[PDB]
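Q: This is the structure I want to talk about, given as structure tokens.
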Amino acid sequence: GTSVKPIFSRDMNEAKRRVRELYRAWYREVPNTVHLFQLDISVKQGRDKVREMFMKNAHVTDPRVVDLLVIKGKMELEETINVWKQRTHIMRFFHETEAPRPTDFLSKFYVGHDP
Amino acid sequence: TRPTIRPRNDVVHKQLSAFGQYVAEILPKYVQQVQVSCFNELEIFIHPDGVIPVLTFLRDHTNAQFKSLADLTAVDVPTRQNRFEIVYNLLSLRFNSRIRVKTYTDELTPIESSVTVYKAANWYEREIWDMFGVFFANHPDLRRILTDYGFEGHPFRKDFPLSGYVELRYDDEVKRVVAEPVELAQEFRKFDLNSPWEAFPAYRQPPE
Amino acid sequence: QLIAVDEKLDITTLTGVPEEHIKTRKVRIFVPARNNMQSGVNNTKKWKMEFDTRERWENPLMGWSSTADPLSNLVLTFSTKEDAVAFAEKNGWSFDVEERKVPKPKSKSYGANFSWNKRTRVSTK
Amino acid sequence: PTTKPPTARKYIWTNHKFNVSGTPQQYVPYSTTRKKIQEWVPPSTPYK
Amino acid sequence: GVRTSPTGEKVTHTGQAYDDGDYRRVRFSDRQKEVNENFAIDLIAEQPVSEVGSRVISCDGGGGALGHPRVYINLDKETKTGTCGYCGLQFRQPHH
Amino acid sequence: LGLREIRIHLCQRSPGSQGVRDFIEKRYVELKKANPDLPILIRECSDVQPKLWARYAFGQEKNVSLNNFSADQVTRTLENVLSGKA
Amino acid sequence: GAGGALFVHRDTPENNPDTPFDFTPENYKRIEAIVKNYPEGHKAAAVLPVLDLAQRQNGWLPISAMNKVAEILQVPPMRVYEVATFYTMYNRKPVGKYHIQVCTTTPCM
Amino acid sequence: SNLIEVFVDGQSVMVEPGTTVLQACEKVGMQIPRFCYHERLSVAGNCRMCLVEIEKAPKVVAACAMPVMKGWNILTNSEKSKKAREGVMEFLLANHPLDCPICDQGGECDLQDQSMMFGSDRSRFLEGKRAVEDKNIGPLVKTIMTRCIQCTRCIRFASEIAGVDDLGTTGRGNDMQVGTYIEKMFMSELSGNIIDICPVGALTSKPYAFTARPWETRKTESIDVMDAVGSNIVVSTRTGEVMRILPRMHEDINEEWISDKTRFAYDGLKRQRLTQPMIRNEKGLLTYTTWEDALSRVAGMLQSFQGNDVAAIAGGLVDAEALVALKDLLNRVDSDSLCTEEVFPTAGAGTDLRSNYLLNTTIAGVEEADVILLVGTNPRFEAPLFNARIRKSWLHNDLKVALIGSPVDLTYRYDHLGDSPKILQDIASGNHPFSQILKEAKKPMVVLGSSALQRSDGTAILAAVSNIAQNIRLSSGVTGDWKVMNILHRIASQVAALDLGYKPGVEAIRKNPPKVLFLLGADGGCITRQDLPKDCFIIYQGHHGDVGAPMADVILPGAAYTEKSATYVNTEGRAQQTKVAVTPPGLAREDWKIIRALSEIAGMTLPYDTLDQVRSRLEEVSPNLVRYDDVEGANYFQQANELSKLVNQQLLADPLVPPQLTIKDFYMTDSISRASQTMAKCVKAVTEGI
Amino acid sequence: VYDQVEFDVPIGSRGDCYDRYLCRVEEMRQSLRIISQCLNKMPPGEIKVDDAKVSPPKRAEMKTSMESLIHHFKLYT
Ligand code: SF4
Ligand code: SF4
Ligand code: FES
Ligand code: FES
Ligand SMILES: [Mg+2]
Ligand SMILES: [Zn+2]
């Protein structure tokens, strides 16, 4: 029951199919992105980052949430392909000027009060 | 009551009440409520499934003729199970009138795009999607319109913080503009202004 | 057409909040206490959701109050505690709820000020 | 001002200064408040 | 009422001067420190106390609508003077 | 290696703690008479389950469920932990 | 017009808590007779007459007289201060041997 | 039943007989404007702001005093009611001074708000205003008498709640004034509350003067640690600094009041603060260092010693999280010498039964008793809100109070049975008339202060009081849930420590002098270096430089109660949690985080990494410590009485004398209050007249 | 008071840029007309609603009257 209306997919199988299609499109786009934006990363780095972004949301079990995630990923792909994005936008995925924040207890205790 | 109080208009109030009754009788499938505000502003609450029929009837009917869409926006009310309130404002030039149509949705439920009924909605629905995250089904070209490229989240939502989560600055080592977690030299100072004494008895709620 | 989704509601991956501000945060759901400097009770009608206080420091220039907490100002208003709990749950925030405290009904009696044999009699008026 | 002189006050500047930006006489902002938290001062004598 | 700290820095009306070990003094090297020289506490301390032949006096700071809100000062205590809470002027009844 | 403390978390009005309650009503007194130096902390429990806790040297602990135990079962378990067994 | 009399007390060498005041033995007999009229447990009701009695022996009411009445009746001193400052026949300052009071209300005016 | 039906604006409601019009309007959720009515004071009826129209009645009635009559129809928004409110506001504002920009009441003024909501927007007053001279009633309450609207709330509070008759009205009519008529200091442990109840800026806080406005403040709802009552408070902050402390209404505990130490000792949080870790240099002087160095030194000393050598003393302001963390850390080195500065008898049941060391009746219960016996304690200074509850019962329920101890002034009349502890035995045997008094009492209550327990004969005193309770129980039977036995605590950390298995008292330290000592906020001066061997390693953790700091080898700066989310258990056994208002200053850290980091450095890492995990461990040890605001407990008085009958320690001849003999002693008691300049001013004011 | 002034509304014929330019020029002329009327018809009186719970009072009233000061304070905070 729970009486919900879908966006595109009726169960997780169709949602997974759409996820795979979007992943294929991003995988094909990465080399062109590296060429056009004149990025100093490799194609391997770009595809690894695409996989990491996809795996960030691997725990989702709602087909509607997956449909919205695919819609957002398609929005980002359309944005990248048309060059609406600049090199700064593409490089924002890699956080190159962010100092690594530690995760163990002792370093956090040393730096400050935040957990 | 004369010099400083806004005058009333009962004729327009009666006309709008009668027309609201008219609209409700013609479309019982979707119309849930009809209201006439004290300053003569007709409001019609409907079911989401009736977004396209209602508007179509309102813009096409001989006695309606609301051929112009002033604006279309959304309101976020987190306490409601259906978070978002979709508000259409329509103007009739033939009858020199205005009408407001309201419906509801939540985060995961699409609303039918009304680009077919009104061409003006295109950018309005894109803006609602960008600011609030409300998806519109069958929209020609749905994408962000106001926010920056790659911006995460929807700013107009009540939960979103006023200054957001990231800022921008130019970094010389990478020779480009970078986005970093927001740090503020001076924090925005939250004021508590609400008076502990009630202002308007006419709006008092039952004590539950 | 309806698809009968079976799972609990969860929208964290769509809100765009950085994960640090989803997992390490604690919200408080409460009806705010009446300000003891006044007698009005109109600010004790609705439920509030607010986040935990984070570090504030002193700006080296001008000595202003600096923060790095983006949720340090966010306050949400709800009709009932159930709505607040549902919002916090669907947004993925750990919460602490406090039951609403109401003043107990008190038996007032002006004439008690002038009791024949009781301790309640006023020594002044 | 020759026919309508301004009112005289003893705190009004007797010598006008121009825009002193980009000059060793420029304004430099600073906090005008005093220290908020005082720290404990350990005793100067040995404890044993 | 200006006066310098042991470091040679002027002390403001507020009383704040950077401490000897405070690095922030570096912001004044090759520049100056802005200090207003007309101390209000000293200037108001020079005004003569006004003698009035009534128990309650009124003050509006002078200038009518150009001063402060008008207030009424009781002058029954003879051990002290009535001080305006806006302007700082002092009033007393003719005593002794 | 040895006992340092005992903790008995019993729930005030749940049926599954009833027998444990009887123990404290009758058999706790003489058990404290026999063990004047052993801290037997009697504490109140939330709707989950009754429990007994034993602490050993260098902070080693493990617990035993007392759900639906009768008073004799409770004192048998307590003498088992109090003796060089289990 | 305005009253003129102050309703605060400031100690003076002639009017302080150590100003000598005490009832005469005859006045103590009268105080006992006054106290008896009221119901037991309601002894304060004698604040109004006994205070007056003090003024009838001393001429006026020094702060020590108010303290003595408060201690005799076991009433908090601030209650006696309230009574003394409320009623206009109580003299909290010395008066002349003869107190001339001329009426100036409308029928008399 | 006995309910009568009345109508508020044509709407039916059922009310109890004798209910005032104001309360009936409140039943439907309408608030009648007021200035002089306070639901915790006696009705006055003087302000006249509450006047309302009753249908078919020509005269408006005062809603705060008039009892509703059956079939009445209140009309709270009629023209008559509105015009009454407008006229009364006009008369109130006629003589009021134009002081809002300089008044501390500015954004929090009931007069301002009700003028905006119910009054007119204009003045037609064309005369001069009255002005009155200021009164000086001490260093805590600033007085600006011109602002007074003559509500008389201060007079009713002082007379009825505080128990003092210093305030009053002198003169009459327009010239009537509120004051003391003489130079007197209104000094009492509940005095500051007259600032809260005064609706105008006539009575304001002197320490708080001019510092902040209400709209800029951030409100953090928290708990007080200045005593064992656990009063609910609001900490108001602005830009990372604590502005002031306000009461928060809790019906069960402190109502809407707080003691003066709870209200005015917060400035001590800004003085003598430990901000950085410190170690002893080569010359034996304390010098700043990093966290890593200090933790490494402490961990080295911890690794070498174990068992009986390692010991810890907990102070008065420690929280349950830090206590359990320290307990686990010392257990990992096989140490059980974890003690408190406050002594509780360990004989018989001891800490074994929660009922034995708690105020079983509770604060709320005092309202249901008719006889109370207090032994060796001063309720007024050890627990001012508890004494306020006792006076409330004494005033409204004719509660009879008797005391065994020095004849301290409790602000209400009681029966002084004496100060000899042997009298307790005389009551227990039955030769005293008070034995008969307790025999016939339906809800007898016996309260023993923890302060009395500090002396050497305390185990005997507890046995005698338990004997009195047992005699009452066997003679009258058990009525049900009454719990005659009660223990009154004065230290915030004591009940949680006892709940955690900590051994009360410092006796085990003297029995087994340790080599490594952990002073966890312990500033009582109980254990000095004369009571310890040489080369003893003393580690102090806390937020203030006090008795315990300058005698230590390593100093670890901790967080005060305003800078952490920590759990405290009051005298009732109720568990409450504080919230972070501001972060700890400098390099100071959360106490349990200090202990956990130290455990990691020494190799025996504690299982918990977050606050929820440490509270899960807290639940594992004592489950009642995570049930915030729950006070239900099981009575085990019979078992504890049996276990107490074993030993027969002899009673001392020394008369029962409390530590807080007089008001001056009340102010400076703990490290936060000892660092407060406001408390120093209060002490100077109560010792020196001026 | 737009119902009390007289002006014409320019109307185009072709819907192009040229027609929109002519409309704006004529609109400028009609605004001159309306301004002329407004100049000749300005009445006397106060400038804000005589309701101090909405509009701030005058400064002289704010410095003389208690209600005016209270309303100034509350309206500006
Ligand atoms: S008490 Fe209220 S009305 Fe009076 S001056 Fe202060 S803020 Fe203004
Ligand atoms: S000082 Fe405050 S509480 Fe006391 S009478 Fe005046 S207004 Fe009322
Ligand atoms: S006696 Fe003079 S007016 Fe009455
Ligand atoms: S509130 Fe009723 S007269 Fe004051
Ligand atoms: Mg006040
Ligand atoms: Zn002035």
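Identifiers for the structure tokens are assigned positionally: chains receive A, B, ... in sequence, residues are indexed from 1 per chain, and ligands are indexed from 1 in the order shown.
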Against ligand 5, which residues of chain C fall within 12 Å? For each one I want the closest pair of atoms and the distance in Å (one decimal), counting only C-alpha atoms and all ligand atoms, rows by chain and increasing residue number, as JSON lines.

A:
```
{"residue": "C:36", "atom": "CA", "partner": "ligand 5", "partner_atom_place_in_ligand_line": "1 (Mg)", "distance": 9.8}
{"residue": "C:37", "atom": "CA", "partner": "ligand 5", "partner_atom_place_in_ligand_line": "1 (Mg)", "distance": 6.7}
{"residue": "C:38", "atom": "CA", "partner": "ligand 5", "partner_atom_place_in_ligand_line": "1 (Mg)", "distance": 8.8}
{"residue": "C:39", "atom": "CA", "partner": "ligand 5", "partner_atom_place_in_ligand_line": "1 (Mg)", "distance": 11.5}
```

Q: What's around residue 65 of chain I at 9 Å? Count only C-alpha atoms, leave out sequence neighbours fewer than 6 positions away in its own chain, and write the answer as an MDAnalysis selection string.

A: (chainID E and resid 69:70) or (chainID H and resid 98 122:125)

Q: Any chance you could export the current selection's C-alpha atoms as a PDB file, in the first residue's frame?

A:
```
ATOM      1  CA  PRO E  69      12.935  62.854  25.460  1.00  0.00           C
ATOM      2  CA  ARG E  70      11.757  65.028  28.336  1.00  0.00           C
TER       3      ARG E  70
ATOM      4  CA  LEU H  98       9.883  58.561  28.977  1.00  0.00           C
ATOM      5  CA  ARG H 122      -1.665  58.736  21.644  1.00  0.00           C
ATOM      6  CA  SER H 123      -1.425  60.896  24.738  1.00  0.00           C
ATOM      7  CA  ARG H 124      -3.869  63.618  25.746  1.00  0.00           C
ATOM      8  CA  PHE H 125      -2.041  64.267  29.036  1.00  0.00           C
TER       9      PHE H 125
END
```

Q: Find, counting only C-alpha atoms, the residue in D:38, D:29, D:24, D:46 that gets nearest to chain E.

A: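 The shortest atom-to-atom distance to chain E comes from D:24.
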
Q: Grab me every residue within 7 Å of ligand 1, counting only C-alpha atoms and all ligand atoms, and send it over as a list in words.

A: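 Final answer, ordered by chain and number: residues 96, 97, 98, 99, 100, 103, 104, 105, 106, 107, 109, 110, 111, 112, 147, 200, 201 and 202 of chain H; 70 of chain I.
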
Q: Please return as a PDB file with N, CA and C atoms, in the first residue's frame the residues found within 7 Å of ligand 4, counting only C-alpha atoms and all ligand atoms.

A:
```pdb
ATOM      1  N   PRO H  33      -5.562  40.803  29.730  1.00  0.00           N
ATOM      2  CA  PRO H  33      -4.455  41.678  30.130  1.00  0.00           C
ATOM      3  C   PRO H  33      -4.415  41.880  31.638  1.00  0.00           C
ATOM      4  N   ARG H  34      -3.202  41.962  32.173  1.00  0.00           N
ATOM      5  CA  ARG H  34      -3.001  42.013  33.613  1.00  0.00           C
ATOM      6  C   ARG H  34      -1.753  42.819  33.921  1.00  0.00           C
ATOM      7  N   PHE H  35      -1.722  43.393  35.094  1.00  0.00           N
ATOM      8  CA  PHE H  35      -0.462  43.905  35.609  1.00  0.00           C
ATOM      9  C   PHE H  35      -0.177  43.446  37.025  1.00  0.00           C
ATOM     10  N   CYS H  36      -1.195  43.367  37.873  1.00  0.00           N
ATOM     11  CA  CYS H  36      -1.018  43.051  39.279  1.00  0.00           C
ATOM     12  C   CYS H  36      -1.308  41.596  39.606  1.00  0.00           C
ATOM     13  N   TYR H  37      -2.036  40.887  38.755  1.00  0.00           N
ATOM     14  CA  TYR H  37      -2.347  39.497  39.032  1.00  0.00           C
ATOM     15  C   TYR H  37      -1.163  38.615  38.670  1.00  0.00           C
ATOM     16  N   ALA H  44      -4.696  40.639  44.197  1.00  0.00           N
ATOM     17  CA  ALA H  44      -4.703  42.011  44.688  1.00  0.00           C
ATOM     18  C   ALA H  44      -5.884  42.828  44.179  1.00  0.00           C
ATOM     19  N   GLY H  45      -6.067  42.830  42.864  1.00  0.00           N
ATOM     20  CA  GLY H  45      -7.149  43.550  42.216  1.00  0.00           C
ATOM     21  C   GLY H  45      -6.940  45.042  42.025  1.00  0.00           C
ATOM     22  N   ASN H  46      -5.777  45.551  42.413  1.00  0.00           N
ATOM     23  CA  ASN H  46      -5.446  46.977  42.282  1.00  0.00           C
ATOM     24  C   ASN H  46      -5.196  47.639  40.904  1.00  0.00           C
ATOM     25  N   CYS H  47      -4.519  46.960  39.984  1.00  0.00           N
ATOM     26  CA  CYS H  47      -4.190  47.575  38.691  1.00  0.00           C
ATOM     27  C   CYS H  47      -5.401  47.968  37.860  1.00  0.00           C
ATOM     28  N   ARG H  48      -6.409  47.110  37.873  1.00  0.00           N
ATOM     29  CA  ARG H  48      -7.666  47.330  37.166  1.00  0.00           C
ATOM     30  C   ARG H  48      -7.556  47.123  35.662  1.00  0.00           C
ATOM     31  N   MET H  49      -6.479  46.500  35.186  1.00  0.00           N
ATOM     32  CA  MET H  49      -6.326  46.251  33.759  1.00  0.00           C
ATOM     33  C   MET H  49      -7.168  45.079  33.269  1.00  0.00           C
ATOM     34  N   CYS H  50      -7.605  44.204  34.162  1.00  0.00           N
ATOM     35  CA  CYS H  50      -8.319  42.994  33.788  1.00  0.00           C
ATOM     36  C   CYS H  50      -9.833  43.169  33.725  1.00  0.00           C
ATOM     37  N   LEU H  51     -10.335  44.402  33.713  1.00  0.00           N
ATOM     38  CA  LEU H  51     -11.778  44.616  33.757  1.00  0.00           C
ATOM     39  C   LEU H  51     -12.447  44.134  32.476  1.00  0.00           C
ATOM     40  N   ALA H  62     -13.678  42.773  37.739  1.00  0.00           N
ATOM     41  CA  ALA H  62     -12.255  42.459  37.699  1.00  0.00           C
ATOM     42  C   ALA H  62     -12.108  40.954  37.514  1.00  0.00           C
ATOM     43  N   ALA H  63     -11.580  40.549  36.358  1.00  0.00           N
ATOM     44  CA  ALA H  63     -11.558  39.136  36.002  1.00  0.00           C
ATOM     45  C   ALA H  63     -10.629  38.329  36.895  1.00  0.00           C
ATOM     46  N   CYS H  64      -9.584  38.953  37.437  1.00  0.00           N
ATOM     47  CA  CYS H  64      -8.608  38.223  38.231  1.00  0.00           C
ATOM     48  C   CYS H  64      -9.119  37.858  39.617  1.00  0.00           C
ATOM     49  N   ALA H  65     -10.141  38.546  40.115  1.00  0.00           N
ATOM     50  CA  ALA H  65     -10.658  38.306  41.452  1.00  0.00           C
ATOM     51  C   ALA H  65     -12.076  37.762  41.487  1.00  0.00           C
TER      52      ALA H  65
END
```

Q: Produce as a PyMOL selection string the set of residues near ligand 2, where near means within 8 Å with only C-alpha atoms and all ligand atoms considered.

A: chain H and resi 36+143+145+147-155+178+194-195+197-203

Q: Please produce a file of those selected residues containing N, CA and C atoms, as a CSV table (one decimal), in the first residue's frame.

A:
```csv
chain,number,residue,atom,x,y,z
H,36,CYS,N,-1.2,43.4,37.9
H,36,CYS,CA,-1.0,43.1,39.3
H,36,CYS,C,-1.3,41.6,39.6
H,143,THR,N,17.2,49.8,41.7
H,143,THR,CA,15.9,50.5,41.8
H,143,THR,C,15.7,51.8,41.2
H,145,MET,N,12.5,53.9,41.0
H,145,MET,CA,11.1,54.0,41.5
H,145,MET,C,10.1,54.8,40.7
H,147,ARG,N,9.5,54.6,37.6
H,147,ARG,CA,8.9,53.7,36.7
H,147,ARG,C,7.8,52.8,37.3
H,148,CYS,N,7.8,52.7,38.7
H,148,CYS,CA,6.8,51.9,39.3
H,148,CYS,C,5.4,52.2,39.0
H,149,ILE,N,4.6,51.2,38.7
H,149,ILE,CA,3.2,51.4,38.4
H,149,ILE,C,2.3,51.0,39.5
H,150,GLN,N,2.9,50.7,40.7
H,150,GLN,CA,2.3,50.4,41.9
H,150,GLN,C,1.4,49.1,41.9
H,151,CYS,N,1.9,48.1,41.2
H,151,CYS,CA,1.3,46.8,41.0
H,151,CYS,C,1.2,46.0,42.4
H,152,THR,N,2.2,46.2,43.2
H,152,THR,CA,2.4,45.6,44.5
H,152,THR,C,2.9,44.2,44.5
H,153,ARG,N,3.3,43.7,43.3
H,153,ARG,CA,3.8,42.3,43.2
H,153,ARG,C,5.0,42.0,44.1
H,154,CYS,N,5.9,43.0,44.2
H,154,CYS,CA,7.1,42.9,45.0
H,154,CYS,C,6.7,42.7,46.5
H,155,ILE,N,5.7,43.4,46.9
H,155,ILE,CA,5.3,43.3,48.3
H,155,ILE,C,4.7,42.0,48.6
H,178,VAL,N,6.4,52.6,46.9
H,178,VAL,CA,6.8,51.3,47.3
H,178,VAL,C,8.2,51.3,47.7
H,194,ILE,N,12.2,39.2,42.5
H,194,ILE,CA,11.4,40.4,42.4
H,194,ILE,C,11.7,41.2,41.2
H,195,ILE,N,12.9,40.9,40.5
H,195,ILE,CA,13.1,41.5,39.2
H,195,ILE,C,12.3,40.9,38.2
H,197,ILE,N,9.3,39.3,38.5
H,197,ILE,CA,7.9,39.5,38.6
H,197,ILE,C,7.5,41.0,38.4
H,198,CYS,N,8.4,41.9,38.6
H,198,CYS,CA,8.1,43.3,38.4
H,198,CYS,C,7.9,43.5,36.9
H,199,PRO,N,6.8,44.0,36.5
H,199,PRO,CA,6.5,44.1,35.0
H,199,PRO,C,7.2,45.2,34.3
H,200,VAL,N,7.8,46.2,35.1
H,200,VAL,CA,8.4,47.4,34.5
H,200,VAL,C,9.8,47.4,34.9
H,201,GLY,N,10.5,48.5,34.5
H,201,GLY,CA,11.9,48.7,34.8
H,201,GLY,C,12.2,49.3,36.1
H,202,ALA,N,11.2,49.3,37.0
H,202,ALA,CA,11.4,49.8,38.3
H,202,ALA,C,12.4,49.0,39.1
H,203,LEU,N,12.3,47.6,39.0
H,203,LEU,CA,13.2,46.7,39.6
H,203,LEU,C,13.9,46.0,38.5
```

Q: Leaving out segment 102-105 of chain A and any residue of its chain fewer than 5 positions from it, which residues lie within 12 Å of it when counting only C-alpha atoms, given as a list in words?

A: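 Answer for this query is residues 110, 111, 112, 113, 114 and 115 of chain A; 20 of chain C; 593, 594, 596, 597, 598, 599, 600, 601, 605, 606, 607, 608, 609 and 610 of chain H.
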
Q: Just need the residues of chain H within 8 Å of chain G, counting only C-alpha atoms, so spit them out as a ChimeraX atom specification.

A: /H:165-172,177,180-183

Q: Once you have the residues from the selection above, write them out as a short mmCIF file (atom, residue, chain, number, x, y, z; two decimals), in the first residue's frame, restricted to C-alpha atoms.

A:
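Okay, selection-v8.cif is ready:
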```
data_model
loop_
_atom_site.label_atom_id
_atom_site.label_comp_id
_atom_site.auth_asym_id
_atom_site.auth_seq_id
_atom_site.Cartn_x
_atom_site.Cartn_y
_atom_site.Cartn_z
CA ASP H 165 8.06 41.80 55.52
CA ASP H 166 10.54 44.50 54.49
CA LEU H 167 8.65 45.92 51.49
CA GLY H 168 5.55 48.06 51.76
CA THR H 169 3.76 51.21 50.67
CA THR H 170 4.17 54.56 52.42
CA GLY H 171 1.95 57.57 51.93
CA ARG H 172 -1.35 57.49 50.07
CA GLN H 177 5.32 54.79 47.20
CA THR H 180 11.22 50.11 52.93
CA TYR H 181 10.86 53.64 54.43
CA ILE H 182 14.32 53.21 55.97
CA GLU H 183 17.76 52.35 54.67
#
```

Q: For residue 75 of chain C, list every protein, DNA or RNA residue within 12 Å, evaluated using only C-alpha atoms, and leave out those in the same chain fewer than 4 positions away; present the list as a list in words.

A: residues 78, 158, 159, 160, 161, 162, 190, 191 and 192 of chain B; 27, 28, 29, 30, 32, 46, 47, 48, 49, 50, 51, 52, 71 and 84 of chain C; 218 of chain H

Q: Using N, CA, C and O atoms, can you export the residues from the last selection as a compact mmCIF listing (two decimals), in the first residue's frame?

A:
```
# COMPACT_ATOMS: atom_id res chain seq x y z
N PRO B 78 6.68 23.44 6.31
CA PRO B 78 7.20 22.14 6.76
C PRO B 78 6.26 21.36 7.67
O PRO B 78 6.34 20.13 7.68
N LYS B 158 12.40 25.91 3.65
CA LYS B 158 12.56 26.45 5.01
C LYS B 158 13.77 25.90 5.75
O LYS B 158 14.43 26.63 6.48
N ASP B 159 14.05 24.61 5.58
CA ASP B 159 15.20 23.98 6.22
C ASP B 159 16.58 24.49 5.76
O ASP B 159 17.52 24.47 6.54
N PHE B 160 16.70 24.90 4.50
CA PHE B 160 17.96 25.40 3.96
C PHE B 160 18.44 26.65 4.71
O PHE B 160 17.65 27.55 4.98
N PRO B 161 19.74 26.71 5.05
CA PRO B 161 20.25 27.86 5.79
C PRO B 161 20.38 29.09 4.90
O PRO B 161 20.61 29.00 3.70
N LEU B 162 20.25 30.26 5.54
CA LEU B 162 20.19 31.51 4.80
C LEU B 162 21.45 31.75 3.98
O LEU B 162 21.38 32.16 2.82
N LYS B 190 20.52 36.33 14.95
CA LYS B 190 19.10 35.99 14.98
C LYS B 190 18.39 36.82 16.03
O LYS B 190 18.81 36.87 17.19
N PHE B 191 17.31 37.48 15.64
CA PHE B 191 16.51 38.29 16.54
C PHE B 191 15.22 37.55 16.87
O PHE B 191 14.64 36.88 16.00
N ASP B 192 14.78 37.64 18.12
CA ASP B 192 13.49 37.13 18.55
C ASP B 192 12.58 38.33 18.79
O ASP B 192 12.67 39.00 19.82
N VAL C 27 19.06 17.65 16.80
CA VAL C 27 18.03 18.67 16.89
C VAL C 27 17.27 18.50 18.19
O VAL C 27 17.20 17.42 18.77
N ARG C 28 16.71 19.60 18.65
CA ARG C 28 15.85 19.65 19.82
C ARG C 28 14.46 20.04 19.35
O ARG C 28 14.30 21.05 18.65
N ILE C 29 13.47 19.23 19.72
CA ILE C 29 12.06 19.47 19.43
C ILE C 29 11.39 19.78 20.76
O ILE C 29 11.41 18.95 21.67
N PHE C 30 10.82 20.97 20.87
CA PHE C 30 10.37 21.44 22.18
C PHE C 30 9.40 22.59 21.99
O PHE C 30 9.42 23.27 20.97
N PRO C 32 9.00 26.18 23.41
CA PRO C 32 9.86 27.09 24.17
C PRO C 32 9.22 27.54 25.47
O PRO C 32 8.00 27.71 25.56
N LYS C 46 3.46 27.01 19.78
CA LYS C 46 3.90 26.16 18.68
C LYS C 46 5.17 25.41 19.07
O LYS C 46 5.91 25.82 19.96
N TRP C 47 5.40 24.30 18.39
CA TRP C 47 6.61 23.51 18.59
C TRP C 47 7.75 24.07 17.76
O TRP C 47 7.55 24.60 16.67
N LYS C 48 8.96 23.93 18.28
CA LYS C 48 10.17 24.44 17.65
C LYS C 48 11.17 23.31 17.48
O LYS C 48 11.30 22.42 18.33
N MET C 49 11.87 23.35 16.35
CA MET C 49 13.02 22.49 16.09
C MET C 49 14.24 23.38 15.93
O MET C 49 14.22 24.32 15.12
N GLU C 50 15.29 23.10 16.69
CA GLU C 50 16.52 23.89 16.60
C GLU C 50 17.73 22.98 16.78
O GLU C 50 17.67 21.96 17.45
N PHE C 51 18.85 23.38 16.18
CA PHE C 51 20.05 22.56 16.16
C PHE C 51 20.95 22.84 17.36
O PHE C 51 20.78 23.82 18.08
N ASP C 52 21.92 21.95 17.55
CA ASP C 52 22.86 22.07 18.66
C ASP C 52 23.83 23.23 18.45
O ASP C 52 24.20 23.55 17.32
N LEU C 71 24.06 25.92 10.27
CA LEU C 71 22.73 25.73 10.84
C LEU C 71 22.57 26.42 12.19
O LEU C 71 21.65 26.08 12.93
N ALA C 84 6.92 17.64 13.83
CA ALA C 84 8.34 17.91 14.01
C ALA C 84 9.15 16.62 13.95
O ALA C 84 10.20 16.56 13.29
N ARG H 218 20.11 34.81 22.59
CA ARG H 218 19.80 33.43 22.26
C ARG H 218 19.52 32.68 23.55
O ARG H 218 20.23 32.86 24.54
```

Q: Might you pull out every residue within 6 Å of residue 51 of chain E, with only C-alpha atoms counted and same-chain residues fewer than 3 positions away left off, and present them as a list in words?

A: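 With the cut-off at 6 Å, the set is residues 91, 92, 93 and 94 of chain E.
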
Q: Which residues come within 9 Å of residue 11 of chain I, counting only C-alpha atoms, excluding same-chain residues fewer than 3 positions away, as a ChimeraX atom specification?

A: /I:19-20,22-23

Q: Do a neighbour search on residue 42 of chain D at 9 Å with only C-alpha atoms, toss out local chain neighbours closer than 2 positions, and write the hits as a PyMOL selection string.

A: (chain D and resi 40+44-45) or (chain H and resi 285-287+545+549-550)

Q: If the limit is 12 Å from any atom of ligand 3, counting only C-alpha atoms and all ligand atoms, which residues qualify? Return them as a PyMOL selection string.

A: chain G and resi 101-109
